[PDB]
Amino acid sequence: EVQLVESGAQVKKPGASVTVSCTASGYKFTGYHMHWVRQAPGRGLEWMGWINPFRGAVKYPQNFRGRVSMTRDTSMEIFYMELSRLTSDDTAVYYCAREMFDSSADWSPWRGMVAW
Amino acid sequence: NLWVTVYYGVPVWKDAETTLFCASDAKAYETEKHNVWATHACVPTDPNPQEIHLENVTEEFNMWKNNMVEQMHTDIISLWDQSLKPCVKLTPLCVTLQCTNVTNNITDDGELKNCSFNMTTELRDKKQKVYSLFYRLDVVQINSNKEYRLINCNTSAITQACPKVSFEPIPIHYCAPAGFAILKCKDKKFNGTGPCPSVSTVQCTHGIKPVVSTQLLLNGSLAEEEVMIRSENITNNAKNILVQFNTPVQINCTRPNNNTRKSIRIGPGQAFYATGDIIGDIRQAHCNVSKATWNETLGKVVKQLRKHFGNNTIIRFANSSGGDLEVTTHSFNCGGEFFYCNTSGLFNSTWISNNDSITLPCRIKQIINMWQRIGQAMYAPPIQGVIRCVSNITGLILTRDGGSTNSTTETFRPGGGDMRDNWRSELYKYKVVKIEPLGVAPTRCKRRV
Amino acid sequence: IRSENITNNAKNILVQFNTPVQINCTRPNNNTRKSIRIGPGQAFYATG
Amino acid sequence: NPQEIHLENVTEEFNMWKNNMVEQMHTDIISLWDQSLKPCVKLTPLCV
Amino acid sequence: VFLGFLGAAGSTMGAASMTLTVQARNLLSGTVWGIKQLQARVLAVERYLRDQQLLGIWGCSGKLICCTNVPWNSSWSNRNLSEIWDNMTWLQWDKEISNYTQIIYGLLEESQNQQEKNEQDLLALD
Amino acid sequence: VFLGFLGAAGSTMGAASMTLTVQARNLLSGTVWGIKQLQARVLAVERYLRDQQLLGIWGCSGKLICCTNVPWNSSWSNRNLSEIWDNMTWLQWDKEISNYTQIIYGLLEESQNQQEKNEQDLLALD
Amino acid sequence: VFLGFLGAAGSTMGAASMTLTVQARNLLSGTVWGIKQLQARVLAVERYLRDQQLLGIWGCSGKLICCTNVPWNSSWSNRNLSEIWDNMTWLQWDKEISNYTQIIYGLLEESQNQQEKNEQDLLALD
Ligand SMILES: *[C@@H]1O[C@H](CO)[C@@H](O[C@@H]2O[C@H](CO)[C@@H](O[C@@H]3O[C@H](CO[C@H]4O[C@H](CO[C@H]5O[C@H](CO)[C@@H](O)[C@H](O)[C@@H]5O)[C@@H](O)[C@H](O)[C@@H]4O)[C@@H](O)[C@H](O[C@H]4O[C@H](CO)[C@@H](O)[C@H](O)[C@@H]4O[C@H]4O[C@H](CO)[C@@H](O)[C@H](O)[C@@H]4O)[C@@H]3O)[C@H](O)[C@H]2NC(C)=O)[C@H](O)[C@H]1NC(C)=O
Ligand SMILES: *[C@@H]1O[C@H](CO)[C@@H](O[C@@H]2O[C@H](CO)[C@@H](O[C@@H]3O[C@H](CO[C@H]4O[C@H](CO)[C@@H](O)[C@H](O[C@H]5O[C@H](CO)[C@@H](O)[C@H](O)[C@@H]5O)[C@@H]4O)[C@@H](O)[C@H](O)[C@@H]3O)[C@H](O)[C@H]2NC(C)=O)[C@H](O)[C@H]1NC(C)=O
Ligand SMILES: *[C@@H]1O[C@H](CO)[C@@H](O[C@@H]2O[C@H](CO)[C@@H](O[C@@H]3O[C@H](CO[C@H]4O[C@H](CO)[C@@H](O)[C@H](O[C@H]5O[C@H](CO)[C@@H](O)[C@H](O)[C@@H]5O)[C@@H]4O)[C@@H](O)[C@H](O)[C@@H]3O)[C@H](O)[C@H]2NC(C)=O)[C@H](O)[C@H]1NC(C)=O
Ligand SMILES: *[C@@H]1O[C@H](CO[C@@H]2O[C@@H](C)[C@@H](O)[C@@H](O)[C@@H]2O)[C@@H](O[C@@H]2O[C@H](CO)[C@@H](O[C@@H]3O[C@H](CO)[C@@H](O)[C@H](O)[C@@H]3O)[C@H](O)[C@H]2NC(C)=O)[C@H](O)[C@H]1NC(C)=O
Ligand SMILES: *[C@@H]1O[C@H](CO[C@@H]2O[C@@H](C)[C@@H](O)[C@@H](O)[C@@H]2O)[C@@H](O[C@@H]2O[C@H](CO)[C@@H](O[C@@H]3O[C@H](CO)[C@@H](O)[C@H](O)[C@@H]3O)[C@H](O)[C@H]2NC(C)=O)[C@H](O)[C@H]1NC(C)=O
Ligand SMILES: *[C@@H]1O[C@H](CO[C@@H]2O[C@@H](C)[C@@H](O)[C@@H](O)[C@@H]2O)[C@@H](O[C@@H]2O[C@H](CO)[C@@H](O[C@@H]3O[C@H](CO)[C@@H](O)[C@H](O)[C@@H]3O)[C@H](O)[C@H]2NC(C)=O)[C@H](O)[C@H]1NC(C)=O
Ligand SMILES: *[C@@H]1O[C@H](CO)[C@@H](O[C@@H]2O[C@H](CO)[C@@H](O[C@@H]3O[C@H](CO)[C@@H](O)[C@H](O)[C@@H]3O)[C@H](O)[C@H]2NC(C)=O)[C@H](O)[C@H]1NC(C)=O
Ligand SMILES: *[C@@H]1O[C@H](CO[C@@H]2O[C@@H](C)[C@@H](O)[C@@H](O)[C@@H]2O)[C@@H](O[C@@H]2O[C@H](CO)[C@@H](O)[C@H](O)[C@H]2NC(C)=O)[C@H](O)[C@H]1NC(C)=O
Ligand SMILES: *[C@@H]1O[C@H](CO[C@@H]2O[C@@H](C)[C@@H](O)[C@@H](O)[C@@H]2O)[C@@H](O[C@@H]2O[C@H](CO)[C@@H](O)[C@H](O)[C@H]2NC(C)=O)[C@H](O)[C@H]1NC(C)=O
Ligand SMILES: *[C@@H]1O[C@H](CO[C@@H]2O[C@@H](C)[C@@H](O)[C@@H](O)[C@@H]2O)[C@@H](O[C@@H]2O[C@H](CO)[C@@H](O)[C@H](O)[C@H]2NC(C)=O)[C@H](O)[C@H]1NC(C)=O
Ligand SMILES: *[C@@H]1O[C@H](CO)[C@@H](O[C@@H]2O[C@H](CO)[C@@H](O)[C@H](O)[C@H]2NC(C)=O)[C@H](O)[C@H]1NC(C)=O
Ligand SMILES: *[C@@H]1O[C@H](CO)[C@@H](O[C@@H]2O[C@H](CO)[C@@H](O)[C@H](O)[C@H]2NC(C)=O)[C@H](O)[C@H]1NC(C)=O
Ligand SMILES: *[C@@H]1O[C@H](CO[C@@H]2O[C@@H](C)[C@@H](O)[C@@H](O)[C@@H]2O)[C@@H](O)[C@H](O)[C@H]1NC(C)=O
Ligand SMILES: *[C@@H]1O[C@H](CO[C@@H]2O[C@@H](C)[C@@H](O)[C@@H](O)[C@@H]2O)[C@@H](O)[C@H](O)[C@H]1NC(C)=O
Ligand SMILES: *[C@@H]1O[C@H](CO[C@@H]2O[C@@H](C)[C@@H](O)[C@@H](O)[C@@H]2O)[C@@H](O)[C@H](O)[C@H]1NC(C)=O
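Protein chains in written order, with the entry's author numbering: chain D, 1 to 52, 52A, 53 to 82, 82A to 82C, 83 to 100, 100A to 100I, 101 to 103; chain G, 33 to 141, 152 to 185, 187 to 309, 312 to 321, 321A, 322 to 398, 411 to 505; chain G', 272 to 309, 312 to 321; chain G'', 80 to 127; chain B, 518 to 547, 569 to 664; chain B', 518 to 547, 569 to 664; chain B'', 518 to 547, 569 to 664. A prime marks a further copy of an entry chain.
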């Protein structure tokens, strides 16, 4: 099996910064992409980026770029995510997800999100 | 009435893959020094690298699925440890370090530490009290004066590549055995995929320095005519895109500090080569690149992108995103030492349609886990004095951005970090097949009774 | 019933079933694994 | 039976000093030496 | 004229039968990281002797050319003699015949040298 | 009829000469614990080429069958033709002939192809 | 008479053609420090099959003797038949001919079996 476990719910003031983790287990950590998605209450899914654990390759989207700091600890197998300049519009529920097919050598994908 | 007729040694081949073998020539073999980098057992290169052209042969080439890369990827890693195993294991070096901000007169806002720590000698009972100077990237503190410890101590057993073995990339010619061959795709404008118009067979590649480097390619092969744009699939931003220059680019990389190497005895037979105090001026590593040929390079490039993307559009360059230091910065070995450089001002630009040079900051890191494999680290001993290496830039690796705004502007930054892309630089024109010398075709012939 | 030599008691004798036999083996204790760092790269997995 | 066959009308020039069989024998004895010592007991702690 | 190894590949098969002595002459070509080069050159003699085995079990065993008493089924690439040797390269050709190759081979090894060679002794006993 | 590899073993030798193209076709079959599998497949080509060497130095070199100018000493399993091929399996037979095999082989390699092949050039020089 | 392996070397070549079945019969001979013995016996089959390859690509493939349709250039050791076989040992002889060996070999592999064997099918198609 595999598991994606995040940090706890936080209550903060506006204009501050907030970090959120994700801790994967049960698979090859360094070889599996990790998506991050926030969903505002009642809204749809908002994709915030991804981090390839291999050397830490990252790609973000346009609207979230510059407020988003995403890392991973390959030793301790913990993904991280950060949002700063806190606004009331940044209040949402944030997820971490993995792409379907991964490996240590060749790659693909885009679409896949399975473990959430 | 036709029959079947067997013909042995027919020009029928099929595509397959097997194990290849190196050729370092003989000149970098003489570098010796107890296994300089790769070349130890490497086979010599052909004095006349015979290149035979085949006619009426339409062969489909793929550099991205080419298997010769994964081999080259693994050998460099195995050969790496093959040096470290007889070399000195630094696992005892994990120790509490009392360090100080290095001696300078203010005007900072360090990174070098005068580190006094209790060590051991060749005699197992008596011990050692020594000082050494370390870059900030190899250690981390722990919570009177602050105490520090190495970065790998909680991850991987650390060794040190013995100073005899060097890291210097030595040109390597990969070769194929009998019943197989290697094919070189020579056509000038070639995107690496689809069919290859110009197909010639060789038994060995050209000189390929297995350059261990990121974000930039040095000393390799040059393209022809227009600067060629090669990508497996360009509609995917995630897939890396490789380029090849028709014009080589000059760079002068230096470590201006004059280092001392303190060899301390951890033996018998073991010993550790530390860093002594800099002699004279305190400077920092850097590399220079001409701004003129650089600006013209981006102009000749942006005209080539407007064949594949738009006739007239906007092109912007920006610095990288994030990841390990081996990605976010430029890694490579300059003569003994592994430099990590800030690349920003190169990519500060916005292009649309229609005398001095540059300079980049750099950092040196000795402990290196490169290829990320945990459980085993490596330490690069310091090299005495000012280090200088001149490199010629033959290639690039890039990634793309994302949807953003419809048909507005595309942004580009550094990328890669998987060394398989490093070997694709010289292997784009190569691939392997196997011979089927037996064949059966009809004719009026028939054997006897 | 298969034996190299049955007159010798010392030589082992092997048998083969026509009917397989069921067995359920359990360690009922619920263990904890304490991973303690002896490294770098070394570590020891203890019993909690 | 270490068969020794004689050849006739053969004039062969011999050199023992450039003979390569020596360098082999030279290296094997050294490698075989360590091949014993490697499973054997390392006295590196004996420096005291 | 010597065009070298695999020179006549894209050339038509009729033109490719002149290089058989070339492609068959170099076909045999006469610690760590040293293992890399050693396992490569082994696969040549296996690929070479497998053909020698096939060439041997068939009515050939002679190098570079051969024929057989097995007829050509028109279901195997029905074509005129000129549509094959003159109009088709060994690459384009063996593409078509890779279908029935072993079906062909079965009669070469069995219907021929398992049969025609048994005819020898029966004729050679008297 | 195809009975596979070694099908005719217990069958009489006369019945066992029909499988020669089978047993000779698969005879060549076309880090630690990886060494286990590698040294095994090497002994096949040595066993195969040793026969090819013997078959070559004798008057055969042709696969699956052969004859010779060496007579059969009645001291070698004196039997009628039917007492041998029809009445004896290759297992029961080679059991008897393992005696004189090399005595037989010596005349095949020497009295034949060392002799009869020297007769060629002396006849082929004129 | 059996003089063993390489017995006739210093003897004249005409006298050395009687041992061909000897020198060709034993030519194939049927962890650390264990690697020492293994790599040695591999070079025999390469040296053996390379000759078999050369013997095969030429008009021979038959063991111990052969001839060719390639004439002897008088520029190659101009000598009478008795000045060669009767007056010269294989050691003294091959010393002289090591010059043109491949020049000779080129016509054996190409002017013969690349040519004379193509003549077969053209004569064997009708
Ligand atoms: C004679 O033969 C018999 C029968 O062949 C042998 O019986 C075998 O006994 C084994 C133990 O001795 C036992 O091994 C365990 O198998 C478990 C099952 O693995 C499968 O299923 C899991 C999960 O699937 C389950 O859930 C899904 C979905 O809900 C269902 O579809 C399935 O049906 C299951 O219900 C899969 O993930 C696997 O891929 C397999 O398909 C294993 O989970 C277990 O491994 C765990 O413990 C290991 C030891 O520490 C550990 O290394 C491994 O990582 C596993 O750890 C679990 O928990 C950690 C917690 O962090 C988590 O990270 C891991 O991901 C994992 O969940 C054992 O391997 C065999 O199942 C059993 N049967 C067979 C057919 O082999 C008998 O032993 C044999 N006798 C002898 C003497 O040999
Ligand atoms: C960046 O580096 C690259 C590669 O180093 C430069 O690209 C070209 O490199 C090729 C060679 O890889 C040069 O092109 C040919 O080189 C042939 C090989 O020359 C060597 O071998 C010769 C015969 O064995 C030998 O005579 C010759 O010595 C010559 O140079 C010596 C110094 O290196 C000198 O001491 C000798 O006196 C003699 O002059 C070499 O050992 C050679 O036979 C051909 O004539 C031809 O030179 C290219 O010239 C290189 N340059 C270009 C522009 O293509 C690339 O230039 C570098 N780029 C920059 C910006 O510096
Ligand atoms: C103790 O264990 C032994 C061995 O495990 C049991 O002995 C018998 O085991 C054999 C197989 O080793 C079974 O006999 C046959 O098995 C054939 C192979 O079946 C596998 O492969 C099939 C095709 O690839 C596949 O369809 C099949 O799946 C089937 O079982 C799956 C669960 O294992 C199930 O999920 C599938 O839906 C499907 O039903 C297997 O992967 C099979 O093709 C034959 O039909 C036949 O089954 C015997 O049945 C086993 N039992 C007996 C009594 O002989 C032994 O029973 C065990 N004893 C006890 C007391 O438990
Ligand atoms: C004998 O040769 C035929 C035909 O080969 C045809 O000509 C060649 C020159 C090539 O261009 C081939 O690509 C071409 O087909 C072989 O035909 C086989 O036919 C089957 C259908 O009967 C094909 O199956 C297909 O499978 C795909 C993928 O699932 C489906 O999408 C298709 O709908 C179809 O079902 C098969 O691809 C095709 N080729 C092969 C190699 O099998 C035939 O197999 C061959 N026989 C032998 C013994 O070689
Ligand atoms: C030629 O063949 C003979 C006879 O072989 C006989 O027939 C076979 C089908 C088998 O059934 C054989 O078992 C059977 O003997 C070989 O005969 C050999 O004879 C000698 C005696 O002259 C036997 O020596 C025996 O040794 C045992 C053990 O020490 C003693 O107890 C006996 O008293 C006797 O001395 C020998 O066993 C026997 N077989 C062999 C294989 O040597 C003969 O050797 C053989 N010649 C050749 C060149 O193969
Ligand atoms: C064909 O054979 C000739 C002659 O070989 C002669 O007879 C043999 C039985 C031996 O006894 C040979 O030693 C003897 O020469 C080969 O002759 C070659 O001639 C060249 C000169 O044209 C010689 O070069 C010499 O080089 C030395 C060293 O630098 C100088 O001191 C001399 O002044 C001279 O320049 C060469 O040594 C000689 N032998 C060889 C093996 O090349 C000829 O090469 C050969 N051809 C072929 C294709 O084999
Ligand atoms: C040399 O070692 C000293 C040991 O402390 C390091 O000094 C520390 O420097 C930081 C600045 O990065 C100081 O933090 C600053 O605090 C002031 C006051 O609150 C605040 O206004 C600034 O914004 C900043 O947070 C820190 O206080 C200071 N340590 C002490 C004890 O004062 C110094 O950085 C080392 N040099 C290098 C190159 O590392
Ligand atoms: C390469 O082949 C061409 C001819 O190939 C033809 O087209 C192919 C698609 C296929 O259908 C073949 O069977 C065809 O034969 C050769 O062109 C010939 O060249 C000769 C001599 O130069 C000339 O006399 C012929 O008229 C040419 N024929 C044609 C159709 O152009 C060409 O020579 C081949 N390459 C080499 C090196 O021989
Ligand atoms: C297996 O062999 C039997 C006959 O073997 C005989 O007995 C042996 C001890 C030995 O002396 C042999 O030389 C003998 O020939 C085969 O039986 C024959 O089968 C055919 C066809 O079924 C029948 O016409 C013959 O009359 C049978 N002969 C006898 C003596 O029974 C049997 O067929 C063999 N097995 C197979 C698969 O062919
Ligand atoms: C060894 O050779 C001699 C003869 O060699 C001769 O001298 C050489 C330099 C070379 O020029 C050769 O071509 C010459 O033939 C053999 O001596 C002969 O022996 C036979 C039988 O004993 C006798 O009848 C001849 O007259 C001898 N000839 C001479 C010239 O002495 C000698 O036999 C050879 N060794 C063996 C074992 O046969
Ligand atoms: C790479 O260049 C080739 C042309 O040299 C492109 O052309 C393709 O060629 C194949 C033939 O194997 C055709 O099946 C495709 O339809 C062709 N596509 C196009 C767009 O021409 C190939 O597309 C190029 N690939 C990339 C990624 O640029
Ligand atoms: C990099 O350094 C080399 C020398 O190490 C410089 O090469 C000089 O180039 C100039 C022309 O620009 C020549 O006149 C000199 O003769 C060259 N000297 C040597 C020793 O080759 C090179 O210009 C430097 N490039 C940069 C960008 O700094
Ligand atoms: C020609 O071939 C026809 C088809 O044979 C069948 O298909 C091939 C691909 C094989 O799978 C084979 O085993 C099948 O039986 C035959 O029906 C026909 O008889 C053949 N004719 C001749 C003269 O050989
Ligand atoms: C038949 O064989 C008889 C016996 O030969 C002897 O025994 C065999 C086993 C070998 O060891 C052999 O070297 C011995 O000489 C001969 O005496 C007899 O001449 C032979 N007859 C024929 C026609 O070959
Ligand atoms: C005999 O040989 C003469 C010399 O050939 C030349 O020298 C030899 C060593 C080779 O290098 C060869 O390639 C050279 O061409 C020829 O000039 C002469 O024509 C030959 N005569 C015959 C009948 O073959």
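Quick reminder that beta carbons are idealized off the backbone N, C-alpha and C, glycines included.
Subject >> Spatial neighbours of residue 635 of chain B'' in its chain, beta-carbon cut-off 7 Å, leaving aside the 5 residues before and after >> reply: 614, 615
Original post:
Contact between the region 80-95 of chain G and the region 589-603 of chain B: three or more CB pairs below 8 Å?
Top reply: no
Subject >> Span separating the alpha-carbon of residue 112 of chain G from that of residue 69 of chain G >> reply: 8 Å
**OP:** Could you pull the start and end residues of the alpha helix (DSSP H) that residue 585 of chain B' belongs to?
**Re:** 580-595
**OP:** With 8 Å as the limit, tell me which residues of the region 600-611 of chain B' have their beta carbon closer than that to any beta carbon of chain B; keep them in chain order.
**Re:** 600, 601, 602, 603, 605
**OP:** For residue 72 of chain D, name the three-state secondary structure that DSSP assigns.
**Re:** strand
Original post:
Which residue from G:171, G:158, G:130, G:204 puts its Cα closest to that of residue 187 of chain G?
Top reply: G:130
**OP:** Kindly say whether residue 641 of chain B', judged by its beta-carbon, lies nearer than 9 Å to any beta-carbon of chain B''.
**Re:** no
Original post:
Does the beta-carbon distance from residue 541 of chain B to residue 41 of chain G come in below 9 Å?
Top reply: yes
Original post:
Do you know offhand how far residue 6 of chain D's Cα is from residue 31 of chain D's?
Top reply: 19 Å
Subject >> Cβ distance (whole Å) where residue 545 of chain B' is taken to contact residue 588 of chain B below 8 Å >> reply: 6 Å
**OP:** May I have the straight-line CA-CA distance separating residue 104 of chain G from residue 185 of chain G, to the nearest angstrom?
**Re:** 43 Å
Original post:
Nearest chain G C-beta to residue 518 of chain B closer than 9 Å, yes or no?
Top reply: no
Subject >> 7 Å Cβ cut-off: residues of chain B'' touching residue 501 of chain G >> reply: 659, 662, 663
Subject >> Rounded C-alpha distance that separates residue 203 of chain G from residue 383 of chain G >> reply: 17 Å
**OP:** On a CA-only basis, which of G:450, G:222, G:213 is nearest residue 46 of chain G? Give me that one, please.
**Re:** G:222
Subject >> Distance, residue 633 of chain B Cα to residue 471 of chain G Cα >> reply: 41 Å
Subject >> Own chain partners of residue 263 of chain G with C-beta closer than 6 Å, once the 5 adjacent residues on each side are dropped >> reply: 450, 451, 481, 482
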